Amino acid sequence: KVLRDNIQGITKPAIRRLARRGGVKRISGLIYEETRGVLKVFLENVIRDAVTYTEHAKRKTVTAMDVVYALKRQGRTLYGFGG
Amino acid sequence: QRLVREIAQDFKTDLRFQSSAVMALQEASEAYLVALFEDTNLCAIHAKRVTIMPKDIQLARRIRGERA
Amino acid sequence: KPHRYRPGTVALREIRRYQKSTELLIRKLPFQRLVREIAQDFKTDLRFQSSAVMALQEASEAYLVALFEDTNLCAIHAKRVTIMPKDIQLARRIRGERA
Amino acid sequence: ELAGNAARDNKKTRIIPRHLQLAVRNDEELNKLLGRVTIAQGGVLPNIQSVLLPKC
DNA sequence: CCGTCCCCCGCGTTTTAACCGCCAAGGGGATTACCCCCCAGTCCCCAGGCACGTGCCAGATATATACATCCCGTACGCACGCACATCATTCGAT
DNA sequence: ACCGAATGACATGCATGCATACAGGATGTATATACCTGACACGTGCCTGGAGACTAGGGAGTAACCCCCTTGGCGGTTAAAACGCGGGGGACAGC
C-alpha cells in the first residue's frame with residue numbers, strides 16, 4: 020500500500036524528530052502540511068538548476084558536484100562533497 | 068530516493084541518479100529545515116506561546132524575504 | 037473649544053502623505069556632520085566628496101525603513117499596535133545580523 | 064513600457080524615478096530580479112496593514 | 001488576571017515496509033583519436049557617438065477656489081432597569 | 001378558608017443607557033488658475049573604434065570503446081510506522 024505521492028512518504032514522526040533537533044517543544048497538528056509544501060517548494064528550485072547543469076553537459080545522469088553548485092547559488096554552500 | 072525521482076521526472080525524463088549525489092539533498096534540506104525550524108520558536112516565544120503554528124512559519128519565511 | 041483629532045487620527049494621515057512622497061527626511065546638515073565625526077576614527081582629515089554624502093543618506097533611510105516595516109509585522113503577530121525594542125532585536129536576529 | 068504607461072496614467076509625460084519604482088515593485092516577475100537593489104528617491108509603495116485601520 | 005477546554009502528549013498495540021543481503025544487465029559515463037573550422041590577431045577606416053551649445057518649450061512652478069471628509073454634537077429611538085402602584089399572596093381575625 | 005391588613009408578585013411608570021443616524025462644521029484635499037525656465041531636446045562637431053578583410057592554429061566536435069555502477073529484482077526480520085486513547089495544560093478569550 021505504497022503507491023501514491025511520495026511526499027506523504029515523509030512520515031509525521033520524522034518531522035517530529037526534526038523539530039526536536041531544532042529545539043521545538045510542542046507542535047500543533049497543522050504544521051505537518053505546510054512543512055510538506057514548504058519542503059516541496061525547496062526541492063523545486065534546487066533540482067531545476069541541478070537538472071540544468073546536467074543537461075547542459077549533455078549528461079543523462081545527475082552527479083554529486085551538480086548538487087553543490089546549485090546549492091552554492093542559493094547562498095547555501097555545502098562543504099564535504101567536492102570542490 | 069523515490070521522492071527525488073518522482074519530482075525530477077517532471078523537469079525531465081530518464082534521469083539516472085548517481086548514488087553519491089543522493090544523500091546531499093537530505094543534508095542540504097535537513098539543515099535548511101532545521102534552520103527554518105529554530106527561528107520559528109523565537110517567533111513563537113515572542114507571542115508568549117510555546118507551541119508553533121503555521122502562521123508563524125509563514126511569518127518567519129517572510130522576514131528572511133523568501134516568502135515573497 | 038478648538039477641534040481636536042482623535043488619537044492616531046492624525047498619524048495615519050502622514051502615512052498616506054509620506055509614502056506618496058519620495059524625498060529625504062533626515063535634516064541635511066547634521067547627517068553630513070555625523071558621518072565626518074565617525075569617519076574621523078578610521079582616518080584623519082579625510083575630505084568627503086560632496087555628492088558622496090547624500091548617497092549614504094539615501095541608503096540609510098532605505099535600510100532604515102525596511103527595518104521598521106519588518107518590525108511592524110511581528111508586533112501585529114504579537115497582537116500589539118506599538119513597537120518596542122524587543123521587536124527590532126527579533127527582526128535583526130531573524131535576518132541574521134545581530135546574531 | 065510599464066513606467067512610461069504608469070506615469071502617463073498619472074497624467075505626467077516625463078519619466079521620473081518615483082514612476083520607475085512603482086513598475087518594478089508592482090510586477091512580481093521583475094520583483095524577483097530587483098528584490099535586492101533599491102533605487103535612489105524610489106519611495107515606498109503605498110501600503111497600510113489592515114489591522115492598523117480605524118476600529119470602525 | 002482568570003478561565004476555559006481541547007488537542008497534543010505519552011503510552012500500548014501491531015503492520016509493514018524499510019532494510020538487509022544477494023544476484024544481474026547494461027546503459028552510459030568515462031576515456032582516446034581526428035580534425036576542421038572558428039575565433040583571435042592585424043590593418044585600415046569612417047561614421048556613431050560623444051562633447052558642447054543652445055534655447056525653447058512645455059514641463060514644471062507657483063497662485064485661488066471647490067470639494068471631500070471626520071468628528072462631535074445632536075437628537076432620537078429604544079429597550080432597558082429601577083421604581084412604582086397594583087395585583088395577588090399571606091398572617092391574623094373570623 | 002374567607003375576610004382584612006399586610007406584603008410579595010405582577011404590571012407598568014419612570015428614568016436611563018445605549019445605540020444610531022444626522023447635520024454641522026471644520027479641515028484637509030482636490031480642483032483650477034496663471035506664469036516660469038531650469039532643463040530636455042536637439043544640433044554640430046569630431047574622432048576613434050567598430051567593422052572588413054586577411055591569415056593561423058588549436059579547441060570543440062565528432063566516433064569509438066569500455067565496464068561499473070545503476071538499475072533491477074528478491075526474499076527475511078523487525079524496527080519503525082500506524083493506531084487508540086486519557087488526559088491535562090496550553091491557547092485563548094475577557095476585564
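Protein chains in written order, with the authors' numbering: chain J, 20 to 102; chain I, 68 to 135; chain W, 37 to 135; chain U, 64 to 119. Just so it is clear, CB atoms sit at the ideal spot from N, CA and C, and this is done for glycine as well.
Alpha-carbon to alpha-carbon, residue j and residue i
i	j	result
J:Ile26	I:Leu70	7 Å
U:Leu108	I:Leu109	29 Å
I:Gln68	J:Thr30	14 Å
W:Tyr54	J:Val60	37 Å
W:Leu126	I:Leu82	43 Å
U:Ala69	J:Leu37	48 Å
J:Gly102	W:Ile119	46 Å
U:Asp90	W:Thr80	47 Å
W:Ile74	U:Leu97	31 Å
W:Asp77	U:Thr101	29 Å
U:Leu116	U:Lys74	29 Å
U:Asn94	I:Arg131	16 Å
W:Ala111	W:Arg128	14 Å
W:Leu61	W:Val89	15 Å
U:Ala66	U:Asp72	10 Å
I:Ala114	J:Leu22	41 Å
I:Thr107	J:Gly56	16 Å
W:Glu133	J:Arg92	21 Å
U:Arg88	U:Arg99	11 Å
J:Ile46	W:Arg52	40 Å
J:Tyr98	J:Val81	19 Å
J:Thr71	J:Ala83	14 Å
W:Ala47	U:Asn110	15 Å
I:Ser87	J:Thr96	17 Å
J:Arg35	J:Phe100	28 Å
Beta bridge counterpart(s) of residue i as assigned by DSSP
i	result
J:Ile46	I:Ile119
J:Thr96	The partner list for J:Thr96 (beta bridge, DSSP) is empty, contrary to what the question assumes.
I:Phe84	J:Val81
Residue environment, residue i, which counts as buried when at least 16 other CB atoms sit within 10 Å
i	result
W:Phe84	exposed
I:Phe104	buried
J:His75	exposed
U:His82	buried
J:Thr54	buried
J:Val65	buried
J:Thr73	buried
W:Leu100	exposed
U:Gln112	exposed
W:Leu65	exposed
Chain-ordered chain W contacts of residue i [CB-CB under 7 Å]
i	result
I:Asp106	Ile130
Chain J contact residues for residue i, given Cβ-Cβ distances below 9 Å
i	result
I:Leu126	None at all; the shortest Cβ gap to chain J is about 12 Å.
Pick from the options that is closest to residue i, judged by C-alpha positions
i	options	result
W:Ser57	U:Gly98, U:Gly106 and U:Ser113	U:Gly106
J:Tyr51	J:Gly101, J:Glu63, J:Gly41 and J:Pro32	J:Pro32
J:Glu63	I:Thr118, I:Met120, I:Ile119 and I:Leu92	I:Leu92
J:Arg40	I:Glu97, I:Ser86 and I:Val89	I:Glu97
J:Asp68	J:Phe100, J:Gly99 and J:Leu90	J:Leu90
W:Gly44	W:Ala135, W:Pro121, W:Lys122 and W:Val117	W:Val117
Contact list for residue i against chain U, beta-carbon separation under 8 Å
i	result
W:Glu94	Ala103 and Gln104
W:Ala98	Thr101 and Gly105
Within chain I, partners of residue i - CB distance below 8 Å
i	result
J:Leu97	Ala91, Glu94 and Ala95
W:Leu109	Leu126, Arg129 and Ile130
J:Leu22	Correct list: empty, because the minimum Cβ distance to chain I is about 11 Å.
Contacts that residue i makes with chain W (C-beta to C-beta distance below 8 Å)
i	result
I:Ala114	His113, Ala114 and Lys115
U:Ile78	Neighbours of U:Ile78 on chain W: none; closest Cβ ~14 Å, over 8 Å.
Contact set between residue i and chain I, taken where Cβ atoms lie within less than 7 Å
i	result
J:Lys44	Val117
J:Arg40	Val101
Partner residues on chain J for residue i, Cβ-Cβ distance less than 8 Å
i	result
I:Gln85	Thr80, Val81, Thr82 and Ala83
I:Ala75	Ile66, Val70 and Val81
Proximal chain J residues relative to residue i, where beta-carbon distance stays under 7 Å
i	result
I:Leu70	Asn25, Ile26 and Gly28
Under 7 Å by beta carbon: chain U residues contacting residue i
i	result
W:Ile51	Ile111
W:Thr80	Near W:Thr80 there are no residues of chain U at all, since even the closest Cβ is about 30 Å away, more than 7 Å.
W:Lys56	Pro109
beta-carbon residue i near the ligand MG non-hydrogen atom, thresh 7 Å
i	result
W:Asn108	In terms of ligand content, the structure shown is empty, and the ligand MG therefore cannot be addressed.
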